[PDB]
$ cat target.cif   # mmCIF, N, CA and C atoms
data_run
#
loop_
_atom_site.group_PDB
_atom_site.id
_atom_site.type_symbol
_atom_site.label_atom_id
_atom_site.label_comp_id
_atom_site.auth_asym_id
_atom_site.auth_seq_id
_atom_site.Cartn_x
_atom_site.Cartn_y
_atom_site.Cartn_z
ATOM 1 N N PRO F 1 -8.833 -7.083 -7.799
ATOM 2 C CA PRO F 1 -9.721 -7.263 -6.582
ATOM 3 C C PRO F 1 -9.005 -8.108 -5.521
ATOM 4 N N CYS F 2 -7.834 -8.701 -5.837
ATOM 5 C CA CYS F 2 -6.934 -9.481 -4.987
ATOM 6 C C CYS F 2 -5.478 -8.930 -4.892
ATOM 7 N N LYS F 3 -5.408 -7.614 -5.170
ATOM 8 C CA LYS F 3 -4.343 -6.803 -4.784
ATOM 9 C C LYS F 3 -4.908 -5.390 -4.523
ATOM 10 N N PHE F 4 -4.126 -4.523 -3.880
ATOM 11 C CA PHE F 4 -4.490 -3.110 -3.691
ATOM 12 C C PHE F 4 -3.345 -2.210 -4.037
ATOM 13 N N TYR F 5 -3.369 -0.990 -3.522
ATOM 14 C CA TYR F 5 -2.238 -0.127 -3.661
ATOM 15 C C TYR F 5 -1.953 0.502 -2.383
ATOM 16 N N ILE F 6 -0.672 0.737 -2.126
ATOM 17 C CA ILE F 6 -0.167 1.451 -0.959
ATOM 18 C C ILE F 6 0.339 2.768 -1.451
ATOM 19 N N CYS F 7 -0.247 3.836 -0.969
ATOM 20 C CA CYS F 7 0.181 5.148 -1.336
ATOM 21 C C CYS F 7 1.183 5.734 -0.403
ATOM 22 N N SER F 8 2.194 6.332 -1.040
ATOM 23 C CA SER F 8 3.187 7.045 -0.397
ATOM 24 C C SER F 8 3.641 8.155 -1.258
ATOM 25 N N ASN F 9 3.349 9.380 -0.858
ATOM 26 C CA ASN F 9 3.690 10.581 -1.571
ATOM 27 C C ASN F 9 3.085 10.601 -2.896
ATOM 28 N N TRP F 10 1.819 10.181 -2.945
ATOM 29 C CA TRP F 10 1.060 10.084 -4.168
ATOM 30 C C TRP F 10 1.749 9.063 -5.039
ATOM 31 N N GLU F 11 2.457 8.130 -4.421
ATOM 32 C CA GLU F 11 3.188 7.092 -5.097
ATOM 33 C C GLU F 11 2.632 5.700 -4.805
ATOM 34 N N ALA F 12 2.131 5.078 -5.870
ATOM 35 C CA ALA F 12 1.431 3.765 -5.851
ATOM 36 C C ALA F 12 2.422 2.650 -5.956
ATOM 37 N N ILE F 13 2.527 1.897 -4.862
ATOM 38 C CA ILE F 13 3.345 0.708 -4.861
ATOM 39 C C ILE F 13 2.410 -0.519 -4.981
ATOM 40 N N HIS F 14 2.897 -1.483 -5.687
ATOM 41 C CA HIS F 14 2.051 -2.762 -5.858
ATOM 42 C C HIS F 14 2.159 -3.794 -4.814
ATOM 43 N N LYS F 15 0.992 -4.151 -4.210
ATOM 44 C CA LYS F 15 0.847 -5.345 -3.215
ATOM 45 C C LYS F 15 -0.232 -6.231 -3.749
ATOM 46 N N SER F 16 -0.203 -7.492 -3.284
ATOM 47 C CA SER F 16 -1.052 -8.540 -3.671
ATOM 48 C C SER F 16 -1.555 -9.215 -2.373
ATOM 49 N N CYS F 17 -2.710 -9.790 -2.433
ATOM 50 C CA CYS F 17 -3.302 -10.424 -1.247
ATOM 51 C C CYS F 17 -2.958 -11.954 -1.296
ATOM 52 N N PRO F 18 -2.696 -12.546 -0.145
ATOM 53 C CA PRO F 18 -2.352 -13.938 -0.006
ATOM 54 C C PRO F 18 -3.381 -15.039 -0.191
ATOM 55 N N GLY F 19 -3.027 -16.042 -0.919
ATOM 56 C CA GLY F 19 -4.002 -17.232 -1.080
ATOM 57 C C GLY F 19 -5.219 -16.851 -1.833
ATOM 58 N N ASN F 20 -6.403 -17.173 -1.291
ATOM 59 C CA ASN F 20 -7.768 -16.865 -1.850
ATOM 60 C C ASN F 20 -8.471 -15.580 -1.245
ATOM 61 N N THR F 21 -7.714 -14.819 -0.520
ATOM 62 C CA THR F 21 -8.331 -13.548 0.053
ATOM 63 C C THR F 21 -8.479 -12.461 -1.032
ATOM 64 N N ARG F 22 -9.197 -11.387 -0.604
ATOM 65 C CA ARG F 22 -9.464 -10.274 -1.436
ATOM 66 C C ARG F 22 -9.173 -8.941 -0.617
ATOM 67 N N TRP F 23 -8.906 -7.841 -1.274
ATOM 68 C CA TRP F 23 -8.786 -6.607 -0.551
ATOM 69 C C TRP F 23 -10.105 -6.063 0.028
ATOM 70 N N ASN F 24 -10.127 -5.790 1.290
ATOM 71 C CA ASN F 24 -11.310 -5.264 1.940
ATOM 72 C C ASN F 24 -11.062 -3.865 2.383
ATOM 73 N N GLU F 25 -11.592 -2.976 1.573
ATOM 74 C CA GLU F 25 -11.336 -1.561 1.625
ATOM 75 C C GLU F 25 -11.722 -0.989 2.995
ATOM 76 N N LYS F 26 -12.833 -1.554 3.540
ATOM 77 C CA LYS F 26 -13.386 -1.064 4.755
ATOM 78 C C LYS F 26 -12.456 -1.264 5.865
ATOM 79 N N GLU F 27 -12.024 -2.523 6.081
ATOM 80 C CA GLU F 27 -11.009 -2.955 7.042
ATOM 81 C C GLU F 27 -9.483 -2.623 6.642
ATOM 82 N N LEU F 28 -9.233 -2.135 5.415
ATOM 83 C CA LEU F 28 -7.922 -1.864 4.887
ATOM 84 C C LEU F 28 -6.960 -3.067 5.075
ATOM 85 N N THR F 29 -7.432 -4.178 4.610
ATOM 86 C CA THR F 29 -6.771 -5.495 4.778
ATOM 87 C C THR F 29 -7.499 -6.535 3.947
ATOM 88 N N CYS F 30 -6.722 -7.466 3.438
ATOM 89 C CA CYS F 30 -7.230 -8.502 2.593
ATOM 90 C C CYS F 30 -7.871 -9.497 3.531
ATOM 91 N N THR F 31 -9.074 -9.896 3.208
ATOM 92 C CA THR F 31 -9.903 -10.767 4.094
ATOM 93 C C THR F 31 -10.605 -12.023 3.557
#

$ encode --input "target.cif" --output "structure tokens"
Amino acid sequence: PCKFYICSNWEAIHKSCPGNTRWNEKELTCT
């Protein structure tokens, strides 16, 4: 819930959100 995935060519790369934020699917950004 504090990382998401970046898709590229049906390829899931791992990202993590900074500090105490969470991924916000609506805004497509950790908030």

$ resolve_selection --input "target.cif" --expression "the PyMOL selection byres ((chain F and resi 16) around 5)" --output "PDB file with N, CA and C atoms, keeping the file's coordinate frame"
ATOM      1  N   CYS F   2      -7.834  -8.701  -5.837  1.00  0.00           N
ATOM      2  CA  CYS F   2      -6.934  -9.481  -4.987  1.00  0.00           C
ATOM      3  C   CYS F   2      -5.478  -8.930  -4.892  1.00  0.00           C
ATOM      4  N   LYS F   3      -5.408  -7.614  -5.170  1.00  0.00           N
ATOM      5  CA  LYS F   3      -4.343  -6.803  -4.784  1.00  0.00           C
ATOM      6  C   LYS F   3      -4.908  -5.390  -4.523  1.00  0.00           C
ATOM      7  N   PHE F   4      -4.126  -4.523  -3.880  1.00  0.00           N
ATOM      8  CA  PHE F   4      -4.490  -3.110  -3.691  1.00  0.00           C
ATOM      9  C   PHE F   4      -3.345  -2.210  -4.037  1.00  0.00           C
ATOM     10  N   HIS F  14       2.897  -1.483  -5.687  1.00  0.00           N
ATOM     11  CA  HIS F  14       2.051  -2.762  -5.858  1.00  0.00           C
ATOM     12  C   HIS F  14       2.159  -3.794  -4.814  1.00  0.00           C
ATOM     13  N   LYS F  15       0.992  -4.151  -4.210  1.00  0.00           N
ATOM     14  CA  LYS F  15       0.847  -5.345  -3.215  1.00  0.00           C
ATOM     15  C   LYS F  15      -0.232  -6.231  -3.749  1.00  0.00           C
ATOM     16  N   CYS F  17      -2.710  -9.790  -2.433  1.00  0.00           N
ATOM     17  CA  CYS F  17      -3.302 -10.424  -1.247  1.00  0.00           C
ATOM     18  C   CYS F  17      -2.958 -11.954  -1.296  1.00  0.00           C
ATOM     19  N   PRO F  18      -2.696 -12.546  -0.145  1.00  0.00           N
ATOM     20  CA  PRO F  18      -2.352 -13.938  -0.006  1.00  0.00           C
ATOM     21  C   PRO F  18      -3.381 -15.039  -0.191  1.00  0.00           C
TER      22      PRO F  18
END

$ atom_distance --input "target.cif" --atom1 "atom N of residue 29 of chain F" --atom2 "atom C of residue 6 of chain F"
12.1 Å

$ atom_distance --input "target.cif" --atom1 "atom N of residue 10 of chain F" --atom2 "atom CA of residue 31 of chain F"
25.0 Å

$ axis_aligned_box --input "target.cif" --around "segment 20-27 of chain F" --padding-each-side "5 Å" --output "AutoDock Vina command-line options"
--center_x -9.9 --center_y -9.1 --center_z 2.6 --size_x 17.0 --size_y 26.2 --size_z 18.9

$ atom_distance --input "target.cif" --atom1 "atom CA of residue 26 of chain F" --atom2 "atom CA of residue 7 of chain F"
16.1 Å

$ select_by_dssp --input "target.cif" --residues "chain F" --states "strand (DSSP E or B)" --output "count of residues only"
14
